[PDB]
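In structure tokens, one chain follows: the form deposited in one PDB entry.
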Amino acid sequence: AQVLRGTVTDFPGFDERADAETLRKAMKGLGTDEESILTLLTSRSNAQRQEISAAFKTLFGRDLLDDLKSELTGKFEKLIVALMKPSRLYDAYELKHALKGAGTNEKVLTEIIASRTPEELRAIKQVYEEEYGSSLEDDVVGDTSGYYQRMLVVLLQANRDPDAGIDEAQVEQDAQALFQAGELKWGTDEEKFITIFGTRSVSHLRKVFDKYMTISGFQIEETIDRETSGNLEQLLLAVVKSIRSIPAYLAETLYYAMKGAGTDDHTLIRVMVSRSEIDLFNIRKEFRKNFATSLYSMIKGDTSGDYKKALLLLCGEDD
């Protein structure tokens, strides 16, 4: 399919001492030059941002991060601070920040654990432990319940079959189980639908989604309802949608985060930063295709200020 790319890449002919001085010049004295800051950081890669941060410290004896936290304000500050976080630690940080006793944010839990590949989930599990000194499963387990928690664990095991010629018997039989499960409202034999959804391979599972509607008339997603359903049905839907296309799922997330009154700035920030160098371009295409409107335009009509200016640049084009 389309090759996978972000909207941010290495700045060619990058100078971390020159960068560091531009940034210093933009904060030194009363006031701030927010346009210099947002225009520089937005067109430097995460790796480069970290390099500048280091040149900052060596040529001025100050911490780049703190200076930005005292110079900057609001949603704008939140966006730049996110941009500066090492890409290796970003996903674990967000997981960690969501797991909070009874205040736990399941939406974030669902969204990162359902759209990340095994390779990515394994790395997040290594990093999390290193940083917060505890394993991710234990924290998930301690702050979640029911088959929701059980399915989070199966997926965290980052262990789903590799692709191979499909076994067409297994597909019909597997489409059958899921049909019945839907009928009984996803609240019986969880152990059975759970092994199917988190262990079968992506190609096998795309065949199954196909058999299911032949053998049922509607698409799996129509048996779940993304507004009222529980934790578990919400996970089931994210999983089905991410199987079909990660960029299509992240594009929908961005859409419901702006769609309406206000904006879910947290969600908009978390998806734009995190995917800027992976698939933001692809998310842009799906978005446009599926919502009949460019992402660039929705952001432009939902945000304002330097917050808006930096997000339009990360977006980096009108589709």
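Rigid core (definition): largest C-alpha set, two forms, superposition within 1.5 Å. Residue positions are given as counts along the sequence shown, with the first one as 1.
Comparing 188-196 with 88-96, the stretch with the higher mean C-alpha B-factor in the PDB entry is 188-196.
Between the stretches 307-315 and 7-15, it is 7-15 that shows the larger average CA temperature factor. Listed residues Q234, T117, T214, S245 were ranked by CA B-factor as deposited; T214 comes out on top. The residue among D139, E71, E111, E222 whose C-alpha carries the highest B-factor in the deposited model is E222. Remark: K28 belongs to the middle third of its chain, ranked by C-alpha B-factor as recorded. The PDB entry assigns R62 a C-alpha temperature factor belonging to the middle third of its chain's modelled residues.
Sorting the modelled residues of the chain by their CA temperature factor places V202 in the lowest third. When the modelled residues of the chain are ordered by their C-alpha B factor, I278 lands in the lowest third. Compared with the other modelled residues of the chain, the Cα B-factor recorded for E106 ranks in the middle third.
Not on display, but discussed next: the form deposited in another entry.
Just a single entry of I243, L155, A175, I224 exceeds or equals a 2 Å CA shift between the shown form and the other one, which is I224 (rigid core superposed).
Core-superposed comparison between the shown form and the other one: CA of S201 displaced by less than 2 Å. Relative to the superposed core, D189 shifts its CA atom by 2 Å or more between the shown form and the other one. After superposing the rigid core, the Cα of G74 is displaced by less than 2 Å between the shown form and the other one. Pairwise change in the other entry: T228 and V153 C-alpha atoms lie closer than in the shown form, at least 3 Å. In summary, the C-alpha positions of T228 and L236 converge in the other entry, ending up at least 3 angstroms nearer each other than in this conformation.
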